[PDB]
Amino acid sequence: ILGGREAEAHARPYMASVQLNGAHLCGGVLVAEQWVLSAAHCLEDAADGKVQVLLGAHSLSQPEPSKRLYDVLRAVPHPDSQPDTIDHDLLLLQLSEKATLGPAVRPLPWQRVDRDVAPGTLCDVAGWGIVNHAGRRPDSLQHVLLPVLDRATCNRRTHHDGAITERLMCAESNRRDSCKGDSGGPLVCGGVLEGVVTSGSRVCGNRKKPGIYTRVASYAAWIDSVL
């Protein structure tokens, strides 16, 4: 996250770190007792590396009572995702067992009503992705509050030039923005999951290239079918 701040530890108990060979790779969101939602492009090329999900965490390196690494039984990329497109960029990870729930580990309710948010709704995005142009990686969870950007502005020739489908939404990216390492993580509006970060626009913090987030409500049947 460019332009953000240290999140309050454990205040986002749905927050997951998707790990490959023991390093943070992408964000994710605990959406059911045994399921984490993330981005398909995270695992596009993961081959036979070891995929794990860290729940209950603030710090990636320090021990914490609620922090537990889970193994993954199955990774379920959206069947219509492709490397090299921005569309359908969702991935469901089935944990090897149901997660132990508590104050620091809880699934987030997610949006099932397929209608847009009001423009300018302030939504929260969190992640362990890079935090400056040099590529610094934070040990602990960062977040930013971002206003939703209306799809027509987002689709301007100056902006993403028609690529924002009904299945996607935008948030402003003026210096505050999701970046590498934050894909898969949650965009939360009104206490409900609304979007999942995607890298479709790979640049970071350029206000003319808004953040793109995949709309969970648009994929409700798919999420239910996989659960």
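The term rigid core refers to the most C-alpha atoms you can superpose between the two forms while keeping them within 1.5 Å. One-based numbering along the sequence shown.
Across the superposed structures in 7 other deposited structures of this protein, aligned by the core, the stretch whose Cα atoms lie more distant on average is 155 to 163, chosen from 155 to 163 and 188 to 196.
Fitting each structure in 7 other deposited structures of this protein onto the rigid core and averaging C-alpha distances over structures and residues, 77 to 85 emerges as the more displaced of 77 to 85 and 100 to 108. A summary of the deposited B-factors shows that, of 177 to 185 and 59 to 67, the stretch with the larger mean C-alpha value is 59 to 67. Averaged over their C-alpha atoms, the temperature factors of 217 to 225 and 2 to 10 are higher for 2 to 10. Listed residues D139, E97, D116, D80 were ranked by CA B-factor as deposited; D116 comes out on top. Residues shown: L149, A75, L108, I86. Highest C-alpha temperature factor in the entry: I86. When all modelled residues of the chain are sorted by CA temperature factor, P103 is found within the highest third. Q52: CA B factor in the lowest third of modelled residues in this chain (values from the PDB entry). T165: CA B factor lies in the middle third for its chain, per the PDB record.
When the modelled residues of the chain are ordered by C-alpha B-factor, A23 sits in the middle third. Split the chain's modelled residues into thirds by C-alpha temperature factor. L90 is in the lowest one.
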